[PDB]
Amino acid sequence: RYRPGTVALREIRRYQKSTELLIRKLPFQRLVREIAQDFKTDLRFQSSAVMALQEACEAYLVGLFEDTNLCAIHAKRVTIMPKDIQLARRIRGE
Amino acid sequence: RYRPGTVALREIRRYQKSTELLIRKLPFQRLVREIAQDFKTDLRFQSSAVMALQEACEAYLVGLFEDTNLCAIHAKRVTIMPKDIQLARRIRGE
Amino acid sequence: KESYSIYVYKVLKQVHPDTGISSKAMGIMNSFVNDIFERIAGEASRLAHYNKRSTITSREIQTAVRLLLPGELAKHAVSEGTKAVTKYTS
Amino acid sequence: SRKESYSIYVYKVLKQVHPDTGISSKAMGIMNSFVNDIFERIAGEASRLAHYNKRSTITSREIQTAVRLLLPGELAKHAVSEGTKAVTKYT
Amino acid sequence: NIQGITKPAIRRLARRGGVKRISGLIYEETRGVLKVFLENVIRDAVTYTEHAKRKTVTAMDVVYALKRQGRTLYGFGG
Amino acid sequence: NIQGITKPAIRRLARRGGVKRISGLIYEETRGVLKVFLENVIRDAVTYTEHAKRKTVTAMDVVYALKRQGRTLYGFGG
Amino acid sequence: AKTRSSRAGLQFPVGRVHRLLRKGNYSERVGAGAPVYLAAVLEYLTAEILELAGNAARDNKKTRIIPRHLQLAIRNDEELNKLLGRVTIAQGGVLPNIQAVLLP
Amino acid sequence: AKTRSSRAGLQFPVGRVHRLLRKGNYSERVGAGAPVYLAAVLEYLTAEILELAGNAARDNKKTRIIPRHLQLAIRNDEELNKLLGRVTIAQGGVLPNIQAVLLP
DNA sequence: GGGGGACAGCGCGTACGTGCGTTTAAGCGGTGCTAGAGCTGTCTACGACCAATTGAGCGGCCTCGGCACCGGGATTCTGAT
DNA sequence: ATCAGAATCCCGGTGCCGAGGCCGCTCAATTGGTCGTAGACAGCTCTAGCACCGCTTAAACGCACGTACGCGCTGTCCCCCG
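Protein chains in written order, with the entry's author numbering: chain a, 40 to 133; chain e, 40 to 133; chain d, 34 to 123; chain h, 32 to 122; chain b, 25 to 102; chain f, 25 to 102; chain c, 14 to 117; chain g, 14 to 117.
What follows is the structure, encoded as structure tokens:
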């Protein structure tokens, strides 16, 4: 049995040394369509439009998780919590 | 004697109500000239140019201290330290 | 020089007939008008070229104000612009 | 419908710096986006400089100043050298 | 549809961000900030689509929306 | 000349920022941060001055420099 | 002579706005309605800030608007604070704000 | 006949760059040296990135540059990173970076 | 100079990493349809321009009454007791 | 509480000095005719997005379980506040 943390660090090295999208495509596509429905109805989407949204969202969330981690370490913790996400966004101006 | 913190909070209340510049003008002017000397020699400065620089710098330091303060509180501290300034700037992208 | 001082004062009398304004506050207002003017015109420009158009219409301005201005400020600004164009055309 | 791009020029420069190295279509798209982006930044700053000085013409001087303002540290130093050399050779 | 962003997916994004240990309340928080981000980009992209009198959001519409929100994306025509 | 930014001045800036307690190492850190900020703005302002073939940095040069670094200033002619 | 401003029922200058659009290197051509629309929108924004700033002046026992009043009007409302996020009002100061944990 | 790119000794298109400056309407007029200067700068920047990206490709034993190699070249260079700070490279991934407190 | 906040040590114990085989549905490839993007042609209705103008906008000049800041009195802060 | 005493509100005065009221006038906005050309719009077309279907299979899931990291509690010592 690997000690808590060992497999987590192995996953960090796997995902940092790779470039693929980490959100499942079909569920993400459904979310994009559902959100766009509130702005206009019967909206079509080029497949490349949805993929461009995917790429930007994943990049944004990875970048936010990096800053959230720094906030947690600053509070002498190794666990990220909502207060860390909130601080990062507040300082970023979001 | 007022307990440590009482006069500090009174000063916060006074400076957050005022809009005057908090850095002495003549020392600031000297700093601006000396920094500009490294870019171009025999540089003259409009009086309003130095005032524009002072207004921007003070607004930058006040904004940064706000973000620094919020990072100290995140570490459960009431005292700002260099690590707080460093985190704020890192998250801001500076 | 040219400034928007006269027009800012005219609008100040309409909203607040007994209220004046300092020269420093007037300078802030002039900077504000110039800044927003530039944001809108620049977005309208990009929006024209992106649709391969050579002409800046009220449609480009409306869309720029529909992207720049937040929430209800866009709603009211669009109403004001549409009313002005309608009155002008008649 | 013909859509112009900088692909041919990216390929030419690649073959000069690394003769045995190719490039994927995805990587080519990144390079095209990069050139277009930098081109907008420089031209837009040069446009501002001209209007700020009441001038109607964007010249090599405006481009050089824009390059100083946008490119950081030594990227500006070398970019200015390249631009100056090209103008001298062209004249 | 927001639940389609599963906990494993949010863990993978955190792993790429270098995060080892995650609280259980992070998943709902992340879903929230993702929704806000997507809404803001999609709103602007649809505005561009409507201005072009189109019924199909193009990759260019998304690229323009990202560019104006200061999140320039390279690789979709930039 | 950087020492002209005295501890009391830095304290006043912190008080406006809502800071109640300050460590002794903050004063030197703040001086360094201010120096970097000033250098960056003055560099660009002087570039504008040299482009105008002027020997005097104008308020407009400073305003333009701040604008391009995303710190738009109102009150000095733009 | 009925000024385009008077034709649109506006206090802001349509003719000047038209010239600034034509000389501002924005496009090759400018429609007749574009300056009218821009002038209106721009005047709406000025009215909104001035109304809120005049209220702040009256609250502070003053009859003249100063940069402080403008800062108070902008920073204490969401949409105006968002629009002018990356902006600094000279001699505007800041909003009185102390973290609750710092309170006695 | 000699093309303006060949007269400037450049691989980038001076004639196309001139047209794109003239039809941005970025100004009323465009000098003859402006497109030459701009083309040379664009060429220099592309060469720098491609050189660094080709090195990254060789260090992963690849003969074709992919977005990953471009991301590696830009993020590993302080100046290129600073120039392309608010840029996202599609399929570029991230630098391998783990905070020391999280390690074994 | 003093005193109260930062730091250290620790119990502890409960929040969450790991497995495991379970319960879910992503996704990849195929099948047809057709909303609609985009091209081609036109006609043309709105803008650029040219020439006279005139009436607001702006430089200049004054008077004023709004407000910076002076002296007094008050009340509610806060610390010693 | 309990009072001492600064800190801060608040009131009448003041003069003075920037804001606004007011004059002179000029040049840039206006009015009106002519040209042209951009784009508003009708039809075509065939491209791409969409809905639907089979099968699969890799991924999400619940919970049982260990454990170690998050935080409450105590004690110190000396750094900043005044």
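The beta-carbon is built from N, C-alpha and C at its ideal position, and this holds for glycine as well.
Distance from h/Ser-55 to b/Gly-101 at the Cβ level is roughly 16 Å; contact not present, criterion being Cβ atoms closer than 8 Å. Against a/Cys-110, the close residues of chain e are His-113, in the order they occur along the chain (beta-carbon pairs closer than 7 Å).
Distance from the Cα of b/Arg-78 is smallest, within the candidate group a/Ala-95, a/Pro-121, a/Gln-85, a/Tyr-99, for a/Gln-85. Put simply, the CB of a/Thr-45 is far from chain b, with every gap to its CB atoms at 8 Å or more. At a cut-off of 8 Å between beta carbons, h/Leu-80 contacts chain f.
A contact between stretches requires three or more CB pairs, one per stretch, nearer than 8 Å, and the stretch 36-52 of chain c fails this requirement with the stretch 67-80 of chain c. Contact of d/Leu-102 with chain b is not assigned, every C-beta pair being separated by 8 Å or more.
Taking all protein chains shown into account, c/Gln-24 has 16 or more neighbouring C-beta atoms within 10 Å of its C-beta and is therefore buried. Taken in chain order, the complete alpha helix (DSSP H) segments of 4 or more residues contained in the stretch 18-78 of chain c are 27-36, 46-72.
Against chain b, a Cβ distance below 7 Å from a/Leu-48 picks out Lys-44. Ranking d/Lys-46, d/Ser-123, d/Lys-34 by CA distance to the CA of c/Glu-64 puts d/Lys-46 first.
Its Cα nearest to that of a/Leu-48, the residue b/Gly-42 stands out among b/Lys-31, b/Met-84, b/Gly-42.
Any Cβ of chain f closer than 8 Å to the Cβ of e/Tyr-41 would place that residue at the interface, and such an atom is absent.
For the stretch 53-83 of chain b, the set of residues with a beta-carbon nearer than 7 Å to any beta-carbon of chain d comprises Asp-68, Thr-71, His-75, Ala-76, in chain order. Taken atom to atom, the span from the alpha-carbon of c/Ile-87 to that of c/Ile-62 is near 7 Å. From the beta-carbon of b/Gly-94, no residue of chain a is found nearer than 8 Å; the closest lies around 10 Å away.
Within chain f, the residues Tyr-98, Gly-99, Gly-102 have their CB atoms less than 7 Å from the CB of d/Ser-64, given in chain order. Secondary structure of a/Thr-58 (DSSP, three-state): coil. Using a 10 angstroms sphere on the CB of b/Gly-48, the tally of other CB atoms stays under 16, which defines it as exposed. Between e/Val-89 and e/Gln-68, the beta carbon gap of about 5 Å places them in contact (Cβ cut-off 8 Å).
Inside the stretch 66-122 of chain d, DSSP marks whole alpha helix (DSSP H) runs of 4 or more residues at positions 91-101, 105-122, from first to last along the chain. With the rule of 3 Cβ pairs closer than 8 Å, the stretch 92-101 of chain b does not count as touching the stretch 101-116 of chain a. Taking 9 Å as the upper bound on Cβ-Cβ separation, chain g lies near residues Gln-55, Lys-56, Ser-57, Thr-58, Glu-59, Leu-60 of the stretch 55-72 of chain a. The C-beta of h/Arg-99 comes closer than 8 Å to at least one C-beta of chain f.
Per DSSP, b/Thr-71 is one residue of the alpha helix (DSSP H) stretching across 50-75.
In the structure shown, the three-state DSSP call for d/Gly-53 is strand. Counted as a single uninterrupted DSSP element, the beta strand (DSSP E) harbouring b/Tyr-98 occupies residues 96-98. In this structure a/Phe-104 touches b/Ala-38 by the C-beta definition: roughly 5 Å separates them, less than 8 Å.
Ranked by how close their Cα comes to the Cα of e/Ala-127, the residues a/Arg-131, a/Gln-125, a/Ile-124 have a/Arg-131 in first place. Distance from the Cα of a/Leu-100 is smallest, within the candidate group b/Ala-76, b/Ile-26, b/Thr-54, for b/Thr-54. Scanning g/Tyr-57, g/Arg-32, g/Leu-93, g/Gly-106 for the CA closest to the CA of a/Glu-97 turns up g/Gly-106. When secondary structure is reduced to three states using DSSP, e/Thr-45 falls in the helix class.
Under the three-state reduction of DSSP, c/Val-107 is assigned to coil, being neither helix nor strand.
Residue contact check for b/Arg-36 against chain g: no CB pair falls below 8 Å.
For b/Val-86 against b/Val-60, the beta-carbon gap comes to about 17 Å, at or over 8 Å, which does not count as contact.
Annotated three-state conformation of a/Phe-78 is coil, per DSSP.
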